[PDB]
Every structure is written in C-alpha cells, then in structure tokens.
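Here the structure is laid out as structure tokens; the discussion comes afterwards.
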Amino acid sequence: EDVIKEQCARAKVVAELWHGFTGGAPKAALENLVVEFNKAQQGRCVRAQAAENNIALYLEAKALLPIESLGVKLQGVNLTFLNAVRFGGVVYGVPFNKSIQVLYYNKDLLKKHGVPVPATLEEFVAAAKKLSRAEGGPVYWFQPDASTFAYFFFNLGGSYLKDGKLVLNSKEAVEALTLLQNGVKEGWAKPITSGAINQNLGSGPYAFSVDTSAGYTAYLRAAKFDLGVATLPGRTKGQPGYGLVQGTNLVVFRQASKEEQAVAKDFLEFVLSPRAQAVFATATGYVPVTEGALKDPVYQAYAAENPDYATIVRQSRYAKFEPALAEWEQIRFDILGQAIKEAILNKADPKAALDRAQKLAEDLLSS
C-alpha cells in the first residue's frame, strides 16, 4: 500500500479505481494486484481507493464510466455476475463474488439417521421434520433476515421486480414467509436471534443452515462434528436451487482523462485475466467471475484439494442478485427484515406483515 504510494508519486498518469473492500484478505489481495500491475507499468500507476457506498447510488447521478467504453473486453466473463452492475443494459463495474448461499450440514447427524443430503426443497422440509423428531429439537437453523427469506422466495418462483416495480408482498413472498413461520410452529426450524449461526453451534442439535460461503472457516472452527457443504435444494431435482450472491465492485468516475482511461482499461483487463482471478479467489475464498479462471491450473489445483470450495463455485452458477436500487439496503433491513422478524418472533400474519412492508417500501421509493 505504501508500495502503491511510492509507485503513484513516481507516475505521471494516475487512474483512480474505486472498490467496496473493507479490510482482511480481500483488500490485501486487491492491493497485491495493484502493486503487481504498477510494477509492469512504469510512468503510470493505479490508485485503489475505498468507496463510501454502492453502484446504484453513484449511477443515480451517472457518476460512473461504462466499463466497455474504457475499451475493456468482457468476453470470458460469466455475464450472470454482471446482473447487479448492469443499468439500462450498460455495465458500470467489474464485479467480485464475495459470497454465495450454500447448504451447510451435519454429516454425522444425517448418517446417524440414514437421511440423504436433500436435493429438493420438499426433501429438505421432510429431512428437517424427520431429524427434528429424531433429535427432539428444531435442526434447521436460520436468521430471520432478508437473506434466509431470499433463498425460500427464489426457489418458490419469487421475483422482487414485476414490470420494473418492487413487490415485497407477491404470493411467492407470502408463501416463503409462511413456510418459515410453519417451520417454527411445527418444531423443525430454529430462529437464531443472537449472533451468526456458526456462533450458536453446540447449544443443541444442528442438521442444516442456508448461510453465506464467507462463513466457511468459521463454520469449520465451531463444528464439533463432520461439516458438510452441498449446493442448495431447488424445486426440481437435476440442478441446484437459486442462491443469493453478493458483490463488491470496481468502478471508475466519468471525469477521468483518456490517458487515465487507458491505464484503468489495462488494469481491469489484468484483474479479469485468469491468473489474477485464480490468485484472488484462492487467497480469499471468493468465487471467480470468469470462465477462464476455472481452467487456470492455480484455480484447478485449489479446487482439487478443497471439494467444499468446488461446491461453493458450483453453487455460484445458480446465483440471483437482490434488486439494484439506491434504497435497497434500507428496504432489506428496516422494512422487509422487520416484516420477517415480526412474522417469525411476534407471530405477525405473513400477508398483513408483507402488505405493511410493501406500503412502507412504496412510500420510501416515491420520495
């Protein structure tokens, strides 16, 4: 970083790239890339700066440059990972896959009672019931939050937008939240209200959670049992269910010069190269965003030794993004997340809770 400093003082063309990385291995692994690139490019540097907010907020101004207009070729990119940085058909950022929803499970407890890993939503609910009765407590653990909702919503056929408008109270939403509530009422679903699911392990019998791929090593550390990772149960049986994918992006403000744009283009192409993607992913547990990364021997070798990581990557292909609206962080936490809490912990009627949520969301979005 002080190495990025040395490199940008000496340089005459400086391109500013804005990212949403906080700290830890991800920020380190990005800086690493900046350093490597700068060392190949004497006279011009990249400066990686942490952005304050998300891409919908910056795009409401039109504060960002279109990636492809810098001259960046996005062939080899898995296009499904651009869903959230695509606005009116134009790509405004190069994404990173911070996490994928996966099925964490207890291998020893499923074996103990002869229960196959569920491949469908209906086999999952049946497995939850059977193992709950067997162990005398609810074995499907869940945070009552928009992330757990998303999994059930997406795999009962739900979509957040209908003809461009946000709908929190569709029949798919009611059906999802009703499924979770009945899980609690029937003794198979355990709400986790204090700390991460992995911070609650050991308090009683656990069989499964749907939770972020980012929690992998924390699930490993806390599991006093053989930990499994599988793809998400879906409605039909020959493919994984949809999982929430969440993103950190790299973007560039529309002010930058031609010279700066040539540097940013070379940098973003570097970041998208197979070995850059493979080194970043192996260093961080992130999922690469290119098809080329998956054929890079550094990815291939890491995947070969880390079958739980190969499973996280297989899930990544069956990914949905949350809506790309400036207000979405607020709706997800203060409005949708509240209706979910209300239905799950205070026995609110699922329909009446999501109807109140819709009204509050329509109110916030029309201001």
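Naming works like this for the structure tokens: A, B, ... for the chains as they're shown, residue 1 at the start of each chain, ligands 1 onward in shown order.
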- Query: Which residues, written as a PyMOL selection string, have at least one atom at most 10 Å from residue A:243, with only C-alpha atoms counted and residues fewer than 2 positions away on the same chain left out?
  - Reply: chain A and resi 99-103+147-148+150-152+154-155+210-212+231-234+240-241+245-246+315-321
Shell around residue A:348 at 12 Å using only C-alpha atoms, local window under 5 positions removed, as a PDB file with N, CA, C and O atoms, in the first residue's frame:
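Once everything was written out, this is out00.pdb:
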```
ATOM      1  N   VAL A 174     -45.372 -14.197   0.311  1.00  0.00           N
ATOM      2  CA  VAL A 174     -46.265 -14.702   1.395  1.00  0.00           C
ATOM      3  C   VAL A 174     -45.973 -16.203   1.605  1.00  0.00           C
ATOM      4  O   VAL A 174     -45.879 -16.633   2.760  1.00  0.00           O
ATOM      5  N   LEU A 177     -42.566 -16.785   3.461  1.00  0.00           N
ATOM      6  CA  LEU A 177     -42.513 -16.360   4.873  1.00  0.00           C
ATOM      7  C   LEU A 177     -43.432 -17.295   5.670  1.00  0.00           C
ATOM      8  O   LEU A 177     -43.120 -17.572   6.856  1.00  0.00           O
ATOM      9  N   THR A 178     -44.489 -17.798   5.031  1.00  0.00           N
ATOM     10  CA  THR A 178     -45.451 -18.727   5.672  1.00  0.00           C
ATOM     11  C   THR A 178     -44.757 -20.066   5.912  1.00  0.00           C
ATOM     12  O   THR A 178     -44.946 -20.644   6.982  1.00  0.00           O
ATOM     13  N   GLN A 181     -42.456 -19.565   8.883  1.00  0.00           N
ATOM     14  CA  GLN A 181     -43.265 -19.481  10.131  1.00  0.00           C
ATOM     15  C   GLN A 181     -43.767 -20.875  10.535  1.00  0.00           C
ATOM     16  O   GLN A 181     -43.662 -21.216  11.709  1.00  0.00           O
ATOM     17  N   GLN A 338     -37.767  -6.269   8.884  1.00  0.00           N
ATOM     18  CA  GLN A 338     -38.669  -6.095  10.037  1.00  0.00           C
ATOM     19  C   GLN A 338     -39.894  -6.981   9.866  1.00  0.00           C
ATOM     20  O   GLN A 338     -40.312  -7.514  10.915  1.00  0.00           O
ATOM     21  N   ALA A 339     -40.503  -7.044   8.668  1.00  0.00           N
ATOM     22  CA  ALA A 339     -41.747  -7.834   8.478  1.00  0.00           C
ATOM     23  C   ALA A 339     -41.391  -9.292   8.768  1.00  0.00           C
ATOM     24  O   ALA A 339     -42.223 -10.039   9.388  1.00  0.00           O
ATOM     25  N   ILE A 340     -40.187  -9.685   8.360  1.00  0.00           N
ATOM     26  CA  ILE A 340     -39.758 -11.094   8.577  1.00  0.00           C
ATOM     27  C   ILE A 340     -39.648 -11.340  10.081  1.00  0.00           C
ATOM     28  O   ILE A 340     -40.107 -12.362  10.507  1.00  0.00           O
ATOM     29  N   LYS A 341     -38.986 -10.453  10.807  1.00  0.00           N
ATOM     30  CA  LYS A 341     -38.809 -10.546  12.277  1.00  0.00           C
ATOM     31  C   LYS A 341     -40.200 -10.607  12.909  1.00  0.00           C
ATOM     32  O   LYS A 341     -40.510 -11.582  13.637  1.00  0.00           O
ATOM     33  N   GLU A 342     -41.067  -9.693  12.504  1.00  0.00           N
ATOM     34  CA  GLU A 342     -42.470  -9.598  13.005  1.00  0.00           C
ATOM     35  C   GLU A 342     -43.191 -10.936  12.788  1.00  0.00           C
ATOM     36  O   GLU A 342     -43.809 -11.404  13.710  1.00  0.00           O
ATOM     37  N   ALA A 343     -43.127 -11.535  11.616  1.00  0.00           N
ATOM     38  CA  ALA A 343     -43.817 -12.814  11.361  1.00  0.00           C
ATOM     39  C   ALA A 343     -43.173 -13.925  12.191  1.00  0.00           C
ATOM     40  O   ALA A 343     -43.935 -14.709  12.807  1.00  0.00           O
ATOM     41  N   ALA A 353     -48.106  -8.501   7.396  1.00  0.00           N
ATOM     42  CA  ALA A 353     -46.706  -8.013   7.563  1.00  0.00           C
ATOM     43  C   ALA A 353     -46.067  -7.566   6.227  1.00  0.00           C
ATOM     44  O   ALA A 353     -45.445  -6.489   6.167  1.00  0.00           O
ATOM     45  N   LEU A 354     -46.214  -8.349   5.171  1.00  0.00           N
ATOM     46  CA  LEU A 354     -45.618  -8.031   3.848  1.00  0.00           C
ATOM     47  C   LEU A 354     -46.420  -6.926   3.147  1.00  0.00           C
ATOM     48  O   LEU A 354     -45.789  -6.135   2.416  1.00  0.00           O
ATOM     49  N   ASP A 355     -47.734  -6.851   3.390  1.00  0.00           N
ATOM     50  CA  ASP A 355     -48.588  -5.728   2.922  1.00  0.00           C
ATOM     51  C   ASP A 355     -48.141  -4.399   3.556  1.00  0.00           C
ATOM     52  O   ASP A 355     -48.069  -3.406   2.829  1.00  0.00           O
ATOM     53  N   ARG A 356     -47.879  -4.372   4.855  1.00  0.00           N
ATOM     54  CA  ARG A 356     -47.299  -3.205   5.580  1.00  0.00           C
ATOM     55  C   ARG A 356     -45.916  -2.894   5.012  1.00  0.00           C
ATOM     56  O   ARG A 356     -45.595  -1.730   4.874  1.00  0.00           O
TER      57      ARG A 356
END
```
- Point-to-point distance in Å for atom CA of residue A:67 and atom CA of residue A:296: 24.1 Å
Selection near stretch 266-274 of chain A, 7 Å with only C-alpha atoms, sequence-local residues under 6 positions removed, as a PDB file with N, CA and C atoms, in the first residue's frame:
```pdb
ATOM      1  N   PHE A  37       0.592  -4.879 -10.981  1.00  0.00           N
ATOM      2  CA  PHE A  37       0.264  -4.177 -12.245  1.00  0.00           C
ATOM      3  C   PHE A  37       1.173  -2.938 -12.417  1.00  0.00           C
ATOM      4  N   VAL A  72     -12.611  -1.991 -22.337  1.00  0.00           N
ATOM      5  CA  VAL A  72     -12.464  -3.299 -21.641  1.00  0.00           C
ATOM      6  C   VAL A  72     -13.321  -4.321 -22.390  1.00  0.00           C
ATOM      7  N   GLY A 292     -12.608 -18.370 -17.824  1.00  0.00           N
ATOM      8  CA  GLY A 292     -11.156 -18.627 -17.992  1.00  0.00           C
ATOM      9  C   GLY A 292     -10.452 -18.989 -16.689  1.00  0.00           C
ATOM     10  N   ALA A 293     -10.837 -18.330 -15.597  1.00  0.00           N
ATOM     11  CA  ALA A 293     -10.315 -18.569 -14.233  1.00  0.00           C
ATOM     12  C   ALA A 293     -10.450 -20.058 -13.888  1.00  0.00           C
ATOM     13  N   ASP A 296      -7.709 -22.240 -15.217  1.00  0.00           N
ATOM     14  CA  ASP A 296      -6.340 -21.837 -14.820  1.00  0.00           C
ATOM     15  C   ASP A 296      -5.865 -22.871 -13.807  1.00  0.00           C
TER      16      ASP A 296
END
```
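Proximity of A:300, A:199, A:346, A:170 to residue A:288, computed with only C-alpha atoms, is greatest for A:300.
Counting only C-alpha atoms and comparing A:357, A:176, A:278, A:51, the residue that lies closest to residue A:331 is A:357.
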- Message: At a cut-off of 8 Å, using only C-alpha atoms, what residues contact residue A:184? Leave out same-chain residues fewer than 6 positions from it and give the result as a list in words.
- Response: residues 138, 190, 191 and 344 of chain A
Keeping only N, CA and C atoms, write the selected residues to a file as a tab-separated table (two decimals), in the first residue's frame.
```tsv
chain	number	residue	atom	x	y	z
A	138	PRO	N	-35.52	-28.41	16.94
A	138	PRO	CA	-35.53	-27.99	15.55
A	138	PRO	C	-34.10	-27.98	14.95
A	190	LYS	N	-35.39	-23.43	13.57
A	190	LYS	CA	-34.97	-22.75	14.80
A	190	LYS	C	-34.51	-21.34	14.48
A	191	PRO	N	-35.24	-20.30	14.90
A	191	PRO	CA	-34.78	-18.95	14.65
A	191	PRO	C	-33.49	-18.71	15.45
A	344	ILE	N	-41.84	-13.94	12.29
A	344	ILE	CA	-41.08	-15.08	12.88
A	344	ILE	C	-41.03	-15.02	14.42
```
- Residue set, stretch 25-124 of chain A restricted to strand (DSSP E or B), as a PyMOL selection string: chain A and resi 44-50+64+77+86-87+90-91+94-106+120
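Proximity to residue A:121 was assessed for A:153, A:58, A:280, A:309 counting only C-alpha atoms; the smallest distance is recorded for A:153.
Using only C-alpha atoms, the smallest distance between any of A:133, A:295, A:347, A:359 and residue A:76 comes from A:295.
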- Have a look at A:250, A:87, A:222, A:350 and name the one nearest to residue A:175; count only C-alpha atoms. A:350
